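Note on naming: letters A, B, ... go to the chains in the order of the sequence lines (proteins, then strands), and numbering restarts at 1 for each one. Side-chain atoms are counted along with the backbone in the values below, which use heavy atoms only and exclude waters and symmetry mates. Both ligands and their constituent atoms are indexed starting at 1 by order of listing.
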Amino acid sequence: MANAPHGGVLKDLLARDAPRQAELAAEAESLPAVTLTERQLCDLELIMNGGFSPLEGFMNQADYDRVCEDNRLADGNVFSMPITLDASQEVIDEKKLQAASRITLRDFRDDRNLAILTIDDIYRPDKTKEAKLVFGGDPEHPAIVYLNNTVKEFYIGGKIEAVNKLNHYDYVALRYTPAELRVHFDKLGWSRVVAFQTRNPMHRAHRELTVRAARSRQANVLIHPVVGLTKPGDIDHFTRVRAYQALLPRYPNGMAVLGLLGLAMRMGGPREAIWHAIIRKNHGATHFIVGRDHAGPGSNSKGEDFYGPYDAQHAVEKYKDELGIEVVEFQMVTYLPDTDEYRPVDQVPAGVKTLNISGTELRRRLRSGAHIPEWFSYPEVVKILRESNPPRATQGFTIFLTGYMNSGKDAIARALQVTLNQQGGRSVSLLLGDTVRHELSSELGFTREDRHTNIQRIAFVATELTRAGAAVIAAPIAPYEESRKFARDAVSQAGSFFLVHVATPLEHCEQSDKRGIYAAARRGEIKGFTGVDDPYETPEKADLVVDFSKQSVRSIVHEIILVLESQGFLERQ
Amino acid sequence: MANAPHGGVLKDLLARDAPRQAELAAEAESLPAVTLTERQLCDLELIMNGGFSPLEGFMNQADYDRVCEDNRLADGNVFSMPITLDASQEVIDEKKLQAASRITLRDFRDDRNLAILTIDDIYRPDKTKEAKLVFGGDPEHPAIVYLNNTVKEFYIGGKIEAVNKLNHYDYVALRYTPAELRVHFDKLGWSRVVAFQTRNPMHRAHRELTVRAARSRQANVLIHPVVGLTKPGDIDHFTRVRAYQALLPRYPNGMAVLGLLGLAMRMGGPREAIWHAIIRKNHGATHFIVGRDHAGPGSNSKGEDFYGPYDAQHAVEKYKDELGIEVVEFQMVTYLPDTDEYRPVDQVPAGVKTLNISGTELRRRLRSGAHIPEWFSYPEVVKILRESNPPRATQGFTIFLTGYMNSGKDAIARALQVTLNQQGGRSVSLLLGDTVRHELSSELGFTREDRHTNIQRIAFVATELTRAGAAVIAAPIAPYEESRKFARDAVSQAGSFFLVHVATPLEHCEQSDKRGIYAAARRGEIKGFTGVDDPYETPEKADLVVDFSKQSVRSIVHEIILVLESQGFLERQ
Amino acid sequence: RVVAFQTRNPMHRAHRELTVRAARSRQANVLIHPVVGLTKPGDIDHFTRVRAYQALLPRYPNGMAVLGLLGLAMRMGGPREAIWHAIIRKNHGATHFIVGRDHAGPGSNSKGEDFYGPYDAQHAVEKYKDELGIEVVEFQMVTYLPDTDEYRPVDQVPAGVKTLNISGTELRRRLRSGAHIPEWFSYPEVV
Ligand SMILES: Nc1ncnc2c1ncn2[C@@H]1O[C@H](COP(=O)(O)OS(=O)(=O)O)[C@@H](OP(=O)(O)O)[C@H]1O
Ligand SMILES: Nc1ncnc2c1ncn2[C@@H]1O[C@H](COP(=O)(O)OS(=O)(=O)O)[C@@H](OP(=O)(O)O)[C@H]1O
């Protein structure tokens, strides 16, 4: 086999309870139901699949206490991370929860019944104690700011009975239970396996690092990246995974397996590192790389590191032998251009080439689109990591016109459309004031509130189109700063926004009115008409100001085109 | 200059009335304005800029009749096609229109004042005589059916005065007036110039007709394709011009010029031809190519060809000498594979290679994406002509789910999103029932009418996104066939639509309801709730039927993915 | 729904277009299930064959197929083997099974007699099909249309397109000689 489960027996509860599936499923229907948070879900998944072996439920007091203070569960097995389910008095009463109560753990994403937990105790934990003992104490620590702003007042210990495994629709082939991974290592004659934990990109150095370990420890590699619960439309998450997959064939043929790991990290440094060692051991890895600042939060508001570069490694080594897993401490190497190789911080003769790119500099570049050294990260991988920060020539954008009724914005807008359909870089969506009123706001009025709603409605549609990479041209009146500000923020989430104030003077608008709407509004036939009986909050930081009285349309369209051209949006075909 | 104008003087009314622009301008601010149609604006453009010399206003009765019988204008000059403005008695009176009346001719696209027509008469045309001798007759003919259905009872003759150029925002570099083209031919020393008339794609044999025709008449080439007024989002149009532009570099360097002619064709065969010949002569061409069925409407109901394959070429030679311009009747050649050349319907030895693709076959192919012979049409040109019939792997599409409240469609929808965001071919827009209700229909109700409006609202947004190439997933209840049919038609205009009926049985939906909405609706706390007090018109031709009681979501999402995959939409990366 | 394909041969473009069409029409995925007997440690021919199959795998729509080896000792018992085959794939979880002309066929005796007719396999698996609980997918192998750059049934071809179809005896012949092979016939990396 690979490495034995932590505690000697894999707590594969889904396998254990499979035979009763349908009955637990039936009863899971009636029981009082607690709907889990994202953290309790990620935990439940590893509890159920034996990832937290020997653990087999959410921690009760005898486990939790000896874990918070001794890094051990009651039975004596090493375990450095509190795994608990929390509730408030309201719900504990509200649902009659108490020792012996059987409850249903529900998935907040799709409402599935995942498990049935038979209660042990319902204690009120000392969070001040937990934060200091488990995460260091700093009020700024992520897991602490969480333990005090989300975790409820009480913990509910209790063994778990698995009914259904969580449903994930992204990358099922890359999701491996500890059993699947163990079977896999076994089919291929695998014995020693070095697991690599990460929550980041993965470049050349990472590739050279894992390979060297594998080769020196005469072993195979498990690339085990961490993911939390997937956000249906979180493209960043898909980009990340594709990055990893892209990197897979740069590894010696047959040496590695890529596997996603559903873990809700605390960023509890040393303590998480030990936890991690356990989880990989359960997953069948025999070796675990531990890095500098492993699972590290970084530094507080006033530059204090929450942990030192080496505490992780010092922790996992202290327990290493007991746990039965080998640690592989990495001494990351650099690049030697003249050489075309990589070597330890020492295997480099004085004066070779200190070629090493910065992470802050890499992000910086990925953002700017500034070429990245192929010696630093493979092409196909970088090609994918960039997609989450696309080139302006690809981004959709919204041109949001605003100004009095009949200020010429409609004509300007139509001409901008023909102009942009000629440059042909994207599809163009036109949302004229009236079209919007007819299609999406036919039953709204003109009160401050109603107009605001109408604009939020244009922003929403514009924001979806901007996200699809379209060029959206909107020409509502948008009399209020509050509205326009809203539209700008809504759309910015998906691409760029430009406010063009068609500042044509009112008098000009009225005089040229050939529909008598200003006339009717003047004589009360229309209530609170903008400019007449309702205000027009003149824009203050418009991206472009124009006057249909002073400039022709092609000239105006062209000023708009110039702004877009100057920001890289139009890099033509 | 090239060939002298028609009649002898270029009717550059715009140039003329230019020193009086502002004056005639302000005078049009008050005169009784009339908005012209597209056929009228296109006739107005060539009148105000001389394209129609000697003609200089819409033909009053004198001009109009001698043309219908003698093919001549009043003053004796040849002119085979009527240029008349029209109106109905309601408007003749409404504004008080009689000879000596000064009307303002308005542009519908932007309400710009273009010309001031000072009447000469207001007669009522024998739309029967005209349509018979002028357009050949047959009750089918496109111009006839326009004449009878669209042309008003009476025509308004009167010379014209130019007040504004007429704003086009596309391809200004390709838009030439007869003056502009004359100046260009003059700067280049161009004497003899051969013009080409087309309303079609222009492939390779064309580049062979033109070059061969010009090199033998020792001349240069004016590629003069036609265009009516531009519908701001008539992508096909930009595609066409782009095709023409890509073809330009396939010409012996400097041999040809590309010019767009804003002419409204009447598809009036032999007579339109002769009209064309004058238009080009006014534009400075010394020669004109006249083809088989030039300006032909093809066939009629029973299959009768309105004109003979040579009624056009032979019609122009009758007046050829008088007009001044010379005719270059083309004898289109074929392709010789073995040879790698093209030659007349006779210059081909018995048994070479009758390689000639069909037009009906080419459209057919362009549609299907079936490769097209480079000997037939250049690559870069065909690459563009296809963009108006994109590959399914590029088209956006809408997956429109429908079924009872809580039928599982929401969960299906979310998983379809994750699934589609993993395949990453397009951006994905999720329009869940509630999101839609909150963002676009927050103030609609649930009456037959209201729900219908809500769906039309989803269709609109979905149709814009489908057009931008997005994957749209909508999960409203959509209880009515009328609604769903509407959405299907709205979206089909921009891409594909799939109706997925989440046919989960009501009982199942109620039993599983964990929000008590079915409960409340049962006891009257909610009026006309679908399934309870309001009907659910079960779909009949759903693209896919699913049951959330019988199938898991991944299995359901996968059936949906299979349909998409099978229709070429997912051709992955 | 999963359509299994049984073979003991190479696998080219036509085979690729065939399996795909079935999958698409029956709204299903594909199981490429080639047959292998016990491996001869140094039988390079066997490694070549499998690599051929693997090479062909990415020419299949992303996500549509799975390649799986099947340890079967065939008898070349035509009709009867075909039924047997249907059973084995059904056990393997396939819901559909393609049955070809001369499925698991020995060919013809010393004096030109076919041991079975082109269609007996299909007639056998259909006779039992419903009882067994597996759907048969009879293939109507298509040809190639050069002018078109497509493939179509022995009928979907207008009179005079291009009867472009390479022979198996001619393919072996070529593979041997090293004489170029039409990319429209078999993918490059596979050949
Ligand atoms: N009280 C009042 N105030 C302002 N505008 C009014 C009002 N009542 C009607 N209209 C007519 O509706 C169009 C203005 O719509 P908008 O969508 O621009 O309004 S807003 O931006 O939400 O404030 C525009 O008409 P269209 O030309 O049909 O768009 C206005 O003339
Ligand atoms: N009379 C009536 N009929 C149907 N549904 C009703 C009704 N009244 C309210 N609701 C709640 O609104 C959601 C259903 O809205 P839909 O937009 O899907 O319905 S429709 O397609 O417009 O007919 C859905 O709620 P959410 O799922 O919370 O959005 C319904 O429970």
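Within 6.0 Å of atom CZ in A/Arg554, 12 or fewer heavy atoms from other residues, nucleotides or ligands are found, so the atom counts as exposed in its surroundings.
Ring centroids of B/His438 and A/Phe460 are separated by 6.0 Å or more, keeping the two rings apart.
Side-chain contact annotation: A/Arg457 with B/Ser442, donor-acceptor N/O pair under 3.5 Å present. At a cut-off of 3.5 Å, with distance as the only test, a side-chain donor of A/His452 or A/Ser483 sits close to an acceptor on the other residue.
Using a 4.0 Å cut-off between a side-chain N of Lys or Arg and a carboxylate O of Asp or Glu, B/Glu537 and B/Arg484 do not qualify as a salt bridge. A salt bridge links B/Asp543 to B/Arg488: at least one charged side-chain nitrogen sits closer than 4.0 Å to a carboxylate oxygen. The residues A/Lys485 and A/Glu482 are annotated as not salt-bridged, no charged nitrogen and carboxylate oxygen being separated by less than 4.0 angstrom. With respect to the salt-bridge test (charged N to carboxylate O, under 4.0 angstrom), the residues B/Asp110 and B/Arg112 do not qualify.
Ligand 1 places these atoms under 4.0 Å from at least one heavy atom of A/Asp434: 28 (O), 29 (O).
Nearest to atom 4 (C) of ligand 1 by heavy-atom distance, out of A/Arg451, A/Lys409, A/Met405, A/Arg437, is A/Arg451.
Atom 9 (C) of ligand 1 has A/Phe446 CZ, 3.6 Å as its closest protein atom, hydrogens excluded (heavy atom only). What sits closest to atom 27 (O) of ligand 1 on the protein, heavy atoms only, is A/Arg515 NH2, 2.6 Å. Residue, atom and distance of the protein heavy atom nearest to atom 21 (O) of ligand 2 are B/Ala478 N, 2.9 Å.
With a 4.0 Å heavy-atom cut-off, ligand 1 is reached by the side chain of A/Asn454 but not by its N, CA, C or O. Looking at A/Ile455 against ligand 1, only its side chain comes within 4.0 Å, counting heavy atoms. Under 4.0 Å from ligand 2, the heavy atoms of B/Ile517 that appear belong solely to its side chain. Within the 4.0 Å heavy-atom criterion, the part of B/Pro479 lying near ligand 2 is the side chain and not the backbone. Heavy atoms of A/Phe529 found under 4.0 angstrom from ligand 1 belong to the backbone as well as the side chain. At a 4.0 Å heavy-atom cut-off, ligand 2 touches B/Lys527 through the backbone alone.
Under the 4.0 Å distance rule, the nearest protein heavy atom to atom 13 (C) of ligand 2 falls outside the cut-off.
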